[PDB]
């Protein structure tokens, strides 16, 4: 068998035992320490796809421990341990999502971890740390992107995804001011994916249309940097996102002079990526980029 799976299994089961003892006994700071160790054990024990159900339960119970340690740390008033616990909760959540896909109680646990990170990101802005702001926004968007796919019907998911989109857009602006562009590209990816799912599942309002515009101009500038770094692979996916967001805005809200400008820029981006994908040989992406390019032209050119 896999001796490391077994050791990680009994080691994580140990930490949960000690944590349930420290909670019963009354010491809180060790319960936060044990939460740190439970999260690292959980996220690593599911770092690749596993079939054993016992592995995914310990991960969920570890997440439950992180959330319990998060609500005690908020009452004691330590902001920095609250931010780290919020980071751990979302990271563990999204790794449980990646491995097990969809079970029943991960929806409510990931929703609780999403609200926790949105609070920490607001609190991280109050402290002024840009590194933690980006990572928390990355997690919020990654988690929100999944929840709206599998749930979608819940009313609270809309607001949390909108707050996550608004959050990653701010984090993508400070990442532009730091200098690192690879982090900007990944934040733009999340901005488009979330913006597209929000318009997909819930339609439009005044705020969704404004946020989607910002996510669209964000991925356009990100794909402009991806062309400078000479990376064909991330370029074609960014062009997909640009067209997708532009398509969801036009087909639901319509277009003004601002939207047609961004749509045209995204359209010339897709035609360049459709050329690069046919060179590299991506049959599925080649025919989806043609679908986008045609659908966007038909909508733009209806007043013509």
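Positions refer to the first chain, counted from 1.
Judged by mean Cα B factor in the deposited record, 145 to 153 ranks above the other of 110 to 118 and 145 to 153. Stretches compared: 80 to 88, 119 to 127. Higher mean C-alpha B-factor in the entry: 119 to 127. Based on the entry's C-alpha B-factors, the most elevated value among 237, 28, 47, 64 belongs to 28.
By the numbers in the PDB entry, the CA B factor is greatest at 272 among 272, 256, 37, 253.
In the deposited entry, the Cα temperature factor of residue 279 places it in the highest third of its chain's modelled residues. Among all modelled residues in its chain, residue 213 ranks in the lowest third by Cα B-factor. When the CA B factors of the chain's modelled residues are split into thirds, the value for residue 158 lands in the middle one.
When the modelled residues of the chain are ordered by C-alpha B-factor, residue 226 sits in the highest third. When the CA B factors of the chain's modelled residues are split into thirds, the value for residue 185 lands in the middle one.
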